[PDB]
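So the structure is just underneath, and the comments pick up after that.
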Amino acid sequence: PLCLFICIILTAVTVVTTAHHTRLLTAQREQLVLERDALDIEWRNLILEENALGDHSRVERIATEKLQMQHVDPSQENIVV
Amino acid sequence: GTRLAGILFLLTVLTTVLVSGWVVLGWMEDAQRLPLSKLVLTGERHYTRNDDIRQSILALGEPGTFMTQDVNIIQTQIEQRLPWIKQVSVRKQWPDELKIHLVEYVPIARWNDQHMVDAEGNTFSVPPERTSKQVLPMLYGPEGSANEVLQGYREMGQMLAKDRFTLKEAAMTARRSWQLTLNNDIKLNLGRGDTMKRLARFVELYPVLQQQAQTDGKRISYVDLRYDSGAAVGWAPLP
Amino acid sequence: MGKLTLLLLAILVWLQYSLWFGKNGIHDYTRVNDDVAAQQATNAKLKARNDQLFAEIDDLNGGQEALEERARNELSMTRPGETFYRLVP
């Protein structure tokens with residue numbers, strides 16, 4: 001009967017609902033690949049900034065200014081498992 | 001004779017449901033337009049006082065009445081006024097009675113010495129007057145790390161409690177470095193490295209430490225384990 | 001019962017077909033939604049990894065605790081008055 005004409009509009013408004021959220025999700029997926037790429041570039045630059053600060057010749061220079069001393073073998077108590 | 005009495009019987013049964021319905025309809029109009037003032041608190045309450053729910057309800061203004069008071073507005077106001085409420089569900093009924101169900105947060109530790117954490121990592125706050133009776137481990141960390149530090153406490157605690165140590169405080173930095181505080185203010189300065197491997201090194205090295213501590217008559221101040229297969233020990237005098 | 005009920009049905013099934021197998025359809029939703037799910041899950045771990053290193057950098061300048069951990073873990077330097085112990089298997 002025409003009761004299926006109700007079911008047609010019900011599936012029609014279902015299509016426009018799906019087509020809107022999918023079109024909304026693809027725009028979000030495209031934003032996430034830009035975020036992933038932006039994260040890796042930030043990650044690479046951070047590693048290079050760590051090598052500069054985590055240099056042993058630099059660390060030893062500031063740690064000696066922090067009143068520290070190299071490991072001395074005599075003043076070293078040893079324990080066996 | 002029969003239909004004569006039957007019609008009279010018809011009207012009598014008719015008239016008596018009309019006037020009696022007229023009575024109960026008046027019994028409800030004088031009842032459904034009264035501001036409900038009976039509330040009942042179902043659920044195990046440990047921090048909510050009875051006055052807490054009361055002053056937080058009437059803080060909105062006039063109580064209203066039945067069919068004019070919204071549920072989702074009352075259960076919402078409770079959640080913001082009482083931050084230690086996990087689940088709240090307010091209900092109504094034909095008379096003047098307000099069913100309110102409460103589910104509270106069970107604190108397992110303190111969060112930055114201000115708020116608290118439960119066993120599932122949820123964060124919440126409680127006024128300090130109602131929890132000063134509890135001895136609780138004091139956890140620290142960045143803003144969102146509430147559940148992450150809790151995983152570290154339960155893992156490092158069970159290793160320390162296995163050798164009869166009490167992990168009083170456990171702090172994590174935003175760079176994920178760890179400082180543990182044990183009983184009698186000895187500080188374990190872990191690092192971003194193998195905290196589980198460095199902590200197990202301490203419980204194996206501890207019996208040697210207290211020997212020279214009492215040999216030289218000194219109290220252990222801190223134990224820095226930011227090494228590999230090693231540890232630097234600080235000292236302090238005793239009172 | 002006839003073309004008044006059959007023509008109304010052949011359009012509904014073409015609408016059901018275009019809903020599941022169709023541009024921006026149900027199967028397009030499921031596939032894209034799974035991608036968006038796994039992406040932000042991966043980006044969450046990456047951001048956590050980057051924020052942690054950012055904290056290390058933010059402490060290596062204008063701070064000492066992250067520098068002092070490198071002064072001990074990598075150069076074995078100890079402070080004066082700290083009795084150094086070492087564990088051997």
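Every chain in the structure tokens has a letter given in the order shown (A, B, ...), and although residue numbers restart at 1 in each chain, ligands are simply numbered from 1 in the order shown.
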
Counting only C-alpha atoms, what is within 9 Å of residue A:50, bar same-chain residues fewer than 6 positions away, as a PDB file with N, CA, C and O atoms, in the first residue's frame?
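Listing of part-v2.pdb after writing:
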```
ATOM      1  N   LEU C  53      58.682  14.448  25.969  1.00  0.00           N
ATOM      2  CA  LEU C  53      59.987  14.972  25.576  1.00  0.00           C
ATOM      3  C   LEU C  53      60.028  16.490  25.698  1.00  0.00           C
ATOM      4  O   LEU C  53      61.065  17.059  26.063  1.00  0.00           O
ATOM      5  N   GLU C  56      60.941  17.204  29.146  1.00  0.00           N
ATOM      6  CA  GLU C  56      62.372  17.011  29.371  1.00  0.00           C
ATOM      7  C   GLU C  56      63.170  18.207  28.867  1.00  0.00           C
ATOM      8  O   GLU C  56      64.101  18.669  29.536  1.00  0.00           O
ATOM      9  N   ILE C  57      62.812  18.724  27.689  1.00  0.00           N
ATOM     10  CA  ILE C  57      63.498  19.894  27.150  1.00  0.00           C
ATOM     11  C   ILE C  57      63.218  21.120  28.010  1.00  0.00           C
ATOM     12  O   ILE C  57      64.124  21.910  28.303  1.00  0.00           O
ATOM     13  N   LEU C  60      65.535  20.808  30.904  1.00  0.00           N
ATOM     14  CA  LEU C  60      66.977  20.829  30.675  1.00  0.00           C
ATOM     15  C   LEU C  60      67.512  22.253  30.595  1.00  0.00           C
ATOM     16  O   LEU C  60      68.681  22.492  30.921  1.00  0.00           O
TER      17      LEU C  60
END
```

Let's see if you can do this: from backbone DSSP, list all strand (DSSP E or B) residues in stretch 49-87 of chain C, as a PyMOL selection string. chain C and resi 78+83-87

Store the residues picked out above, limited to N, CA, C and O atoms, as a short mmCIF file (atom, residue, chain, number, x, y, z; two decimals), in the first residue's frame.
```
data_model
loop_
_atom_site.label_atom_id
_atom_site.label_comp_id
_atom_site.auth_asym_id
_atom_site.auth_seq_id
_atom_site.Cartn_x
_atom_site.Cartn_y
_atom_site.Cartn_z
N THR C 78 78.38 11.88 41.44
CA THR C 78 77.68 11.93 42.72
C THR C 78 77.96 13.26 43.40
O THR C 78 78.97 13.92 43.14
N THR C 83 77.51 8.62 49.97
CA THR C 83 78.19 7.33 49.87
C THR C 83 77.60 6.54 48.71
O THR C 83 76.41 6.21 48.71
N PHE C 84 78.43 6.24 47.71
CA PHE C 84 77.96 5.56 46.51
C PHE C 84 78.07 4.05 46.68
O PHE C 84 79.13 3.53 47.06
N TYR C 85 76.97 3.35 46.40
CA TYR C 85 76.93 1.90 46.41
C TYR C 85 76.70 1.38 45.00
O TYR C 85 76.15 2.09 44.14
N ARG C 86 77.14 0.15 44.74
CA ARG C 86 76.98 -0.46 43.43
C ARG C 86 76.63 -1.93 43.59
O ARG C 86 77.21 -2.63 44.43
N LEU C 87 75.69 -2.39 42.77
CA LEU C 87 75.19 -3.76 42.83
C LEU C 87 75.78 -4.58 41.69
O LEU C 87 75.83 -4.12 40.55
#
```

Chain A residues near chain C (9 Å cut-off, only C-alpha atoms) as a VMD selection string: chain A and resid 1 to 2 4 to 5 7 to 8 11 to 12 14 to 15 18 to 23 25 to 26 28 to 29 32 to 33 35 to 36 39 to 40 42 to 43 46 to 47 49 to 50 53 to 54 56 59 to 60 62 to 64 66 to 72 75 to 81

So, with only C-alpha atoms as the atoms that count, which of C:52, C:58, C:63, C:3 lies closest to chain B?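 Smallest distance to chain B is found for C:52.
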
Would you give me, as a ChimeraX atom specification, the residues of chain B that come within 10 Å of chain C, using only C-alpha atoms? /B:173-177,189-193,201-202,204-205,208-209,222-235

File of the preceding selection, C-alpha atoms, as a PDB file, in the first residue's frame:
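Once everything was written out, this is out_36.pdb:
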```
ATOM      1  CA  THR B 173      56.731  14.908  37.018  1.00  0.00           C
ATOM      2  CA  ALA B 174      55.409  15.896  33.602  1.00  0.00           C
ATOM      3  CA  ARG B 175      58.600  14.351  32.189  1.00  0.00           C
ATOM      4  CA  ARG B 176      57.677  11.096  34.008  1.00  0.00           C
ATOM      5  CA  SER B 177      60.355  11.136  36.710  1.00  0.00           C
ATOM      6  CA  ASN B 189      64.784   9.595  43.861  1.00  0.00           C
ATOM      7  CA  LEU B 190      63.917   7.383  40.912  1.00  0.00           C
ATOM      8  CA  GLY B 191      64.117   8.604  37.340  1.00  0.00           C
ATOM      9  CA  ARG B 192      62.587   8.191  33.901  1.00  0.00           C
ATOM     10  CA  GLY B 193      64.455   4.872  33.593  1.00  0.00           C
ATOM     11  CA  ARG B 201      67.419  -2.693  43.658  1.00  0.00           C
ATOM     12  CA  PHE B 202      66.583  -0.616  46.744  1.00  0.00           C
ATOM     13  CA  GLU B 204      67.799  -5.611  47.997  1.00  0.00           C
ATOM     14  CA  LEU B 205      70.318  -2.911  49.003  1.00  0.00           C
ATOM     15  CA  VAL B 208      73.317  -2.762  53.986  1.00  0.00           C
ATOM     16  CA  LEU B 209      72.283   0.904  54.237  1.00  0.00           C
ATOM     17  CA  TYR B 222      67.509  10.240  50.730  1.00  0.00           C
ATOM     18  CA  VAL B 223      68.604   7.444  48.396  1.00  0.00           C
ATOM     19  CA  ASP B 224      69.222   8.511  44.791  1.00  0.00           C
ATOM     20  CA  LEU B 225      68.869   5.583  42.375  1.00  0.00           C
ATOM     21  CA  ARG B 226      69.220   7.540  39.106  1.00  0.00           C
ATOM     22  CA  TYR B 227      72.007   5.166  38.072  1.00  0.00           C
ATOM     23  CA  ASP B 228      72.428   1.644  36.696  1.00  0.00           C
ATOM     24  CA  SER B 229      73.254  -1.096  39.222  1.00  0.00           C
ATOM     25  CA  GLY B 230      74.126   1.698  41.668  1.00  0.00           C
ATOM     26  CA  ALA B 231      72.736   4.204  44.143  1.00  0.00           C
ATOM     27  CA  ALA B 232      73.923   7.363  45.924  1.00  0.00           C
ATOM     28  CA  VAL B 233      72.868   7.666  49.571  1.00  0.00           C
ATOM     29  CA  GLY B 234      72.450  10.879  51.539  1.00  0.00           C
ATOM     30  CA  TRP B 235      72.672  11.097  55.318  1.00  0.00           C
TER      31      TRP B 235
END
```

Would you kindly return, as a short mmCIF file (atom, residue, chain, number, x, y, z; two decimals) with N, CA and C atoms, in the first residue's frame, each protein, DNA or RNA residue with an atom no farther than 12 Å from any atom of residue B:44, considering only C-alpha atoms and excluding same-chain residues fewer than 4 positions away?
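As written to disk, part_25.cif reads:
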```
data_model
loop_
_atom_site.label_atom_id
_atom_site.label_comp_id
_atom_site.auth_asym_id
_atom_site.auth_seq_id
_atom_site.Cartn_x
_atom_site.Cartn_y
_atom_site.Cartn_z
N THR B 48 28.23 13.12 52.38
CA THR B 48 27.09 14.01 52.27
C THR B 48 26.37 14.11 53.61
N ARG B 49 26.31 15.31 54.16
CA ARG B 49 25.42 15.55 55.28
C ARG B 49 23.99 15.73 54.76
N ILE B 85 30.19 13.36 44.49
CA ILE B 85 29.05 12.54 44.11
C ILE B 85 29.36 11.88 42.78
N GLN B 87 27.35 9.18 41.30
CA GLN B 87 26.06 9.05 40.63
C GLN B 87 24.97 9.60 41.53
N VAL B 88 24.10 10.43 40.97
CA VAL B 88 22.92 10.94 41.66
C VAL B 88 21.71 10.72 40.77
N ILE B 100 15.83 10.50 46.45
CA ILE B 100 17.15 10.90 45.97
C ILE B 100 18.13 9.78 46.29
N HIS B 101 18.75 9.21 45.26
CA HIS B 101 19.74 8.15 45.42
C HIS B 101 21.14 8.73 45.23
N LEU B 102 22.06 8.36 46.11
CA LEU B 102 23.42 8.89 46.09
C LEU B 102 24.43 7.75 45.99
N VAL B 103 25.45 7.97 45.16
CA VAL B 103 26.59 7.07 45.05
C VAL B 103 27.85 7.93 45.16
N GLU B 104 28.67 7.66 46.17
CA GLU B 104 29.81 8.50 46.48
C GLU B 104 31.10 7.93 45.90
N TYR B 105 32.12 8.78 45.86
CA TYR B 105 33.47 8.39 45.47
C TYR B 105 34.22 7.86 46.69
N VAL B 106 34.82 6.68 46.54
CA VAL B 106 35.59 6.05 47.62
C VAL B 106 37.05 6.42 47.40
#
```

Can you tell me which residues surround stretch 137-141 of chain B at a distance of at most 10 Å, considering only C-alpha atoms, apart from same-chain residues fewer than 3 positions away, and format the answer as an mmCIF file with C-alpha atoms, in the first residue's frame?
```cif
data_model
loop_
_atom_site.group_PDB
_atom_site.id
_atom_site.type_symbol
_atom_site.label_atom_id
_atom_site.label_comp_id
_atom_site.auth_asym_id
_atom_site.auth_seq_id
_atom_site.Cartn_x
_atom_site.Cartn_y
_atom_site.Cartn_z
ATOM 1 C CA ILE B 108 42.089 5.514 47.703
ATOM 2 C CA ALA B 109 44.714 8.294 47.726
ATOM 3 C CA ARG B 110 45.059 12.071 47.732
ATOM 4 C CA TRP B 111 45.600 13.967 44.481
ATOM 5 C CA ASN B 112 48.140 16.811 44.753
ATOM 6 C CA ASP B 113 47.180 17.072 48.454
ATOM 7 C CA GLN B 114 43.977 18.902 47.473
ATOM 8 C CA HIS B 115 41.739 16.517 45.531
ATOM 9 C CA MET B 116 41.492 12.717 45.705
ATOM 10 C CA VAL B 117 41.568 9.666 43.438
ATOM 11 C CA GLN B 134 41.879 9.112 57.005
ATOM 12 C CA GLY B 144 45.282 14.665 33.576
ATOM 13 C CA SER B 145 47.600 11.874 34.787
ATOM 14 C CA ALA B 146 45.274 10.918 37.681
ATOM 15 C CA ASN B 147 44.968 7.281 36.612
ATOM 16 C CA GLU B 148 48.568 6.935 35.383
ATOM 17 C CA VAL B 149 50.152 7.697 38.766
ATOM 18 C CA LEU B 150 47.691 5.299 40.414
ATOM 19 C CA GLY B 152 52.519 3.297 39.420
ATOM 20 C CA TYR B 153 51.548 3.469 43.092
ATOM 21 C CA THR B 166 55.070 1.831 53.499
ATOM 22 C CA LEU B 167 54.900 4.002 50.376
ATOM 23 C CA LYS B 168 53.607 7.222 51.919
ATOM 24 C CA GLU B 169 54.020 9.599 48.958
ATOM 25 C CA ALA B 170 54.564 9.037 45.240
ATOM 26 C CA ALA B 171 55.175 11.971 42.895
ATOM 27 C CA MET B 172 55.546 11.976 39.112
ATOM 28 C CA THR B 173 56.731 14.908 37.018
ATOM 29 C CA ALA B 174 55.409 15.896 33.602
ATOM 30 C CA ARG B 175 58.600 14.351 32.189
ATOM 31 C CA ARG B 176 57.677 11.096 34.008
ATOM 32 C CA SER B 177 60.355 11.136 36.710
ATOM 33 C CA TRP B 178 59.479 9.544 40.042
ATOM 34 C CA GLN B 179 60.189 10.526 43.646
ATOM 35 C CA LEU B 180 58.948 8.121 46.321
ATOM 36 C CA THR B 181 58.594 8.970 50.016
#
```

Using backbone DSSP assignments, extract all helix (DSSP H, G or I) residues from stretch 22-193 of chain B; output them as a ChimeraX atom specification. /B:22-29,50-60,71-81,128-130,146-162

Å distance separating atom CA of residue C:48 from atom CA of residue B:199, one decimal place: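 The value is 24.4 Å.
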
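Across the model, the gap from atom CA of residue B:92 to atom CA of residue B:40 is 10.5 Å.
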
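Rounded to one decimal, atom CA of residue B:194 and atom CA of residue A:51 lie 21.1 Å from each other.
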
With distances taken over only C-alpha atoms, which of B:9, B:66, B:84, B:124 is nearest to residue B:33?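 Between B:9, B:66, B:84, B:124, the residue approaching residue B:33 most closely is B:66.
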